[PDB]
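First, one chain by itself in structure tokens, the form deposited in one PDB entry.
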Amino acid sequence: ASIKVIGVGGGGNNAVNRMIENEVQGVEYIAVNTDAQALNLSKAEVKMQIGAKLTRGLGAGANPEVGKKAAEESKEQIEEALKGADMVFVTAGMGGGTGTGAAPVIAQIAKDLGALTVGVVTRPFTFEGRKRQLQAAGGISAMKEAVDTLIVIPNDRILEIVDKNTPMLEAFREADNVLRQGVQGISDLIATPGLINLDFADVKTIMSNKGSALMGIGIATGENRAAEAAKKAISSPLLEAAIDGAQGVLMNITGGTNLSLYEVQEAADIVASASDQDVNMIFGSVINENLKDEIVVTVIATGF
């Protein structure tokens, strides 16, 4: 499949950088921004400055209507960058001017090109202030109408996972990495050979015109790791609701070379038992040799 990951605005650009840094296979990267400096820091080969006439490379401020207009200014160039894609991941931090306003435009473009369009976006941390929070909710509504499936990750839940003395800059970097795992959790199953892959059509049945979706991540080491990562994924603080409310579930279990098929099934089993009995569930597994005795379960719940 031709898969494109388009990172919109600061947060989205960082997610794309995290993916490049982690050598995610089988995807093309596009970095999009109204801020030319941010964009020139991007490791992506395709760097798309949007709303050059409107913003002059200076960014959108915090106004999402400016981000929207900048994307509208650059419709034709966004179209050209996305032509040929079978699947487009639109990734963004919601709350600011560019992500919140430009991401929904770009998602709708991807859709109008016939791509399976998956949004993977964050709600901002509470410490970013109340206006960012409200703007984000508006962007999330707008995104919902423009994508096939929209994964929303609340950044405040990251803080319930990480060390309480995690500095602000590292908290932001953790959110980039969650966005990365939301994209890569799906993509790797279609596009990276591992232990169990999925056909694009399986993923599509789960994501196509489904609306709201959630993500849980579970990490565990050593004995009982498969059961524990699974139980941790399905109870992840990242989950805004329980996965039994979902029409579809996708599970990715990623491990090192000691990951076994019976471990994958036992994770799958736990996830299936947690899901609706009439869920459509699919799952796969890939190997990352940097992992030793710890595995990672990522669960995407679609169609709430």
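Basically, rigid core = biggest C-alpha set you can superpose within 1.5 Å across the two forms. Note that residue numbering follows the sequence shown and begins at 1.
Although not depicted, the form deposited in another entry is the subject of the following passage.
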| query | finding |
| --- | --- |
| Conformational change between the shown form and the other one, one of 158, 81, 142, 196, C-alpha moving 2 Å or more after core fit | 196 |
| Exceeds or equals 2 Å, Cα of residue 211 between the shown form and the other one, core fit | yes |
| Inter-Cα distance between residue 133 and residue 209 in the other form, nearer or further [3 Å or more] | closer |
| Closer or farther: C-alpha pair residue 210/residue 138 in the other form, relative to this form, given a change of 3 Å or more | closer |
